[PDB]
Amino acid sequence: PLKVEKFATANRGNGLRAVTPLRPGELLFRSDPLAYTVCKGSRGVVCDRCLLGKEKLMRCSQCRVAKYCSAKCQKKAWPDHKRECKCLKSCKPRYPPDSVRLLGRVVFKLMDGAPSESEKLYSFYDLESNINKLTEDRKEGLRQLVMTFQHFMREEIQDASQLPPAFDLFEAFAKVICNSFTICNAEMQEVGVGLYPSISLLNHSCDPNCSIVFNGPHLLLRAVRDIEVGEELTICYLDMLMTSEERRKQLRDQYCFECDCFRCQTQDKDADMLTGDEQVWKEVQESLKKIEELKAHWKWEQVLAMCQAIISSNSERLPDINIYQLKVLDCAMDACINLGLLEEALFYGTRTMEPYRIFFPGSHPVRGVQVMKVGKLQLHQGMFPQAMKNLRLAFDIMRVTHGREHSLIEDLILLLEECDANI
């Protein structure tokens, strides 16, 4: 018996609403993707199938583009990779955009695969395209994606009889723009992109009552507030460390809507996240484009070098509640963890704790995972009372945001037991 149902909203299209009263942490829906792929920067770093990182991956012998963690993953992926393999081969070294690889997998799934459980509430055919709101600039970009797809797929798809019936590639890419999910690993690093059409019913709120988390490609949807019968379910489509102006731009450009929620009407938290000298944080915001590019390609030593130049700059510095400074601290912490600089990771991580408390209110998975990382660093440095406090706080958050069905909760229970045994 489902706890959620599709419905027609008054002014934001279709949505999901509660059928029964819901409590924080209640699992509402789980879904494998209709289709998904690894992202450009993680290609060859994480397994194409399970999206777990490894130091040595096995490559597909035919295309040598797909890479895997194990014979099992390579073999189990073969059906969903067989047709794209021919295309990826006849395209080296021109790798397609992620959206193109994703739509290719959509096409092969719809043509050759049984009806997907991911479409139980809403199908790819049903997805919102916002075509009558797209600017001419966006339509031109979509037309180039269509021709890129036609080029990439030419060996497996030659005509419309190889596409689903009444399948329009322009409309399909318009759907991908506003319904793609970025897949994050347990450490909240971006590793893939997928379509989850039933989950695509969720409309956006800058102060949402639900949250999603990923366990590999698997998606869990949970309540994070009390929800009444008939109340619409919402998730935040956006990173929380964004001003109302930045949210406005992305919600317009990618999702074609204007938000008039309370936070956007009052510029909630904007002033606090832009504290410090403007000339300084404009420069950090610029540097973060390069830092985040390097992080997306797992270039940890280069990330840390750039972050240290900011955090320990000889010139003027920013408060840790400035969102660009905060993102630099978080990148430096993650770089230090992956480089084994655990004392330095803890220094940066602990500085993010109070800003994360302010900017991730309630139960948010990103805060839960950050707190867990800090507790884990304190546990391995022997700071047991501090570690236990943070590990318990991470559990208080992640019991709501992640739940028993997420494997990270089992990892956290083991840390809590080890730290409790030390105490």
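The numbering used is simple: start at 1 and walk along the sequence shown.
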{"property": "Higher-B stretch (mean Cα B-factor, as the entry records it), 55-63 or 382-390", "result": "55-63"}
{"property": "Segment of higher mean CA temperature factor, 147-155 or 263-271", "result": "147-155"}
{"property": "Largest Cα B-factor, entry values, listed residues 304, 329, 339, 280", "result": "339"}
{"property": "Residue with maximal Cα B-factor (values as given in the PDB entry) among 27, 46, 34, 372", "result": "46"}
{"property": "Cα B factor band for residue 377 (lowest, middle or highest third within the chain)", "result": "middle"}
{"property": "Chain thirds of CA B-factor: placement of residue 216", "result": "middle"}
{"property": "Within-chain third of residue 194 by Cα B-factor, per the entry", "result": "lowest"}
{"property": "Within-chain third of residue 228 by Cα B-factor, per the entry", "result": "highest"}
{"property": "Residue 298, C-alpha B-factor rank within chain (lowest, middle or highest third)", "result": "highest"}
